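Consider the single chain below, provided in structure tokens and representing the form deposited in one PDB entry.
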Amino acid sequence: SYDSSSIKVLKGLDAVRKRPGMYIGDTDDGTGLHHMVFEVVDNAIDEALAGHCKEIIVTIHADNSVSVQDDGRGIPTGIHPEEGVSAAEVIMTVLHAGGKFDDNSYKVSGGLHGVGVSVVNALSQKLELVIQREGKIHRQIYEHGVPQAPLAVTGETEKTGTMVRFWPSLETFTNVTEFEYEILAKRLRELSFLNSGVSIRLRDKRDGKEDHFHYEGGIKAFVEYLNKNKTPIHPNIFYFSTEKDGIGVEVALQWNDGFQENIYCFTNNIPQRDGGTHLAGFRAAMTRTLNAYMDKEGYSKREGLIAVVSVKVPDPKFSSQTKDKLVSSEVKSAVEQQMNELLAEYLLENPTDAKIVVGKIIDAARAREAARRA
């Protein structure tokens, strides 16, 4: 009734179809459905991080599919030894297969699990792959993760690029089956701030609607754009970009007169909705740097803050498969030391801003303490 016959092994992409939650996320509320695009976008953005991709075009087609065109190096096409098929297919049909397991192809990348586009192939009733590399145009087609034919040359070109178009399987995603412009747009807008000098085009063929994102101001202008609708209470955005002890740290921030706290963290451009070591360094330096400034300015002894903290780390570790929280320990200490040094400078060189920020922080403690009215 329960023995060795009871124990089944899932091969290839079957485990992804069997358990999409593990790999793509919520298959019902639209978040996994949109994450199918992002997985593909992130692989492009990774070509960009490495200096090989300056244009990305994401297209929402009229048949419910979505495509992502990059002018990167193109997924490798030659025969994989060991696996005995094109390298391109190995990456589409094998889990834990890729070139971000070391640092030889992307010094730094979002990807690291060797799975993402594998997942997309598996949860897609159809996938189309068009590779421009080594002078040749190569192409292949899959259905529910199955190659209907080996990868084949179908022309000649000088261009370099990868194009992936997928039609999600409805045998997996439910309720939210249609792609939403604004969800894709918000993430690509943010990508353009994180990737200066890369053109990111968003096309919707359902209604002719279009976007071209290519802001220049980097995460500085990201901050401005986030304070676009609240009122910044001080004119000088704190900003820096450093790269020390193998870690890239880049921070921008600026306070408005509202009451929210919005600190957007990123590791190799992937968002951490739940923070992690980089957030924690950010807060420890904020609090230490601030309190010294008060002590010095003779004061005795969060709200309105918008900030972007973006780090570049060679081999990050997350807490989970969603990359929602960064754990690489050495990153707390890197953001800490850097903020402490430069925020401290910032306050000296901008004493007018300083006093205003601290004046807001004081004002808020005064408000709550004026509910000693019991």
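Whichever C-alpha set is largest while still superposing within 1.5 Å between the two forms counts as the rigid core. The numbering used is simple: start at 1 and walk along the sequence shown.
Judged by the one-third criterion across other entries of this protein, residue 301, though modelled here, is missing from at least a third of those that model both its neighbours. A chain break between residue 301 and residue 302 is present, corresponding to 10 or more residues of the deposited sequence without coordinates. In this entry, 74-82 shows the higher mean Cα temperature factor of the pair 74-82 and 122-130.
Mean C-alpha B-factor is higher over 318-326 than over the other stretch, the pair under comparison being 38-46 and 318-326. Looking at 27, 333, 67, 310, the one whose CA carries the top B-factor in the deposited record is 333. Annotation for 93, 242, 268, 154: 154 ranks highest, by Cα B-factor.
In the deposited entry, the Cα temperature factor of residue 87 places it in the highest third of its chain's modelled residues.
For residue 18, the recorded CA temperature factor ranks within the lowest third of the chain's modelled residues. Annotation for residue 287: C-alpha temperature factor in the middle third relative to the rest of the modelled chain, per the entry.
In the deposited entry, the Cα temperature factor of residue 198 places it in the middle third of its chain's modelled residues. Per-chain ranking of the deposited C-alpha B factor places residue 348 in the highest third.
Separately, the form deposited in another entry exists; it is not shown, and the next lines address it.
With the rigid core aligned between this form and the one not shown, the listed residues 162, 140, 124, 277 include just one Cα displaced by at least 2 Å, namely that of 277. Comparing the forms between this form and the one not shown on their rigid core, the Cα displacement of residue 325 reaches 2 Å or more. Positional change of residue 74 between this form and the one not shown stays under 2 Å at the C-alpha, relative to the superposed core.
Comparing the forms between this form and the one not shown on their rigid core, the Cα displacement of residue 171 stays under 2 Å.
Inter-residue distance, residue 102 to residue 162 (Cα): reduced by at least 3 Å in that other deposited form versus the depicted form. In summary, the C-alpha positions of residue 168 and residue 319 diverge in that other deposited form, ending up at least 3 angstroms farther from each other than in this conformation.
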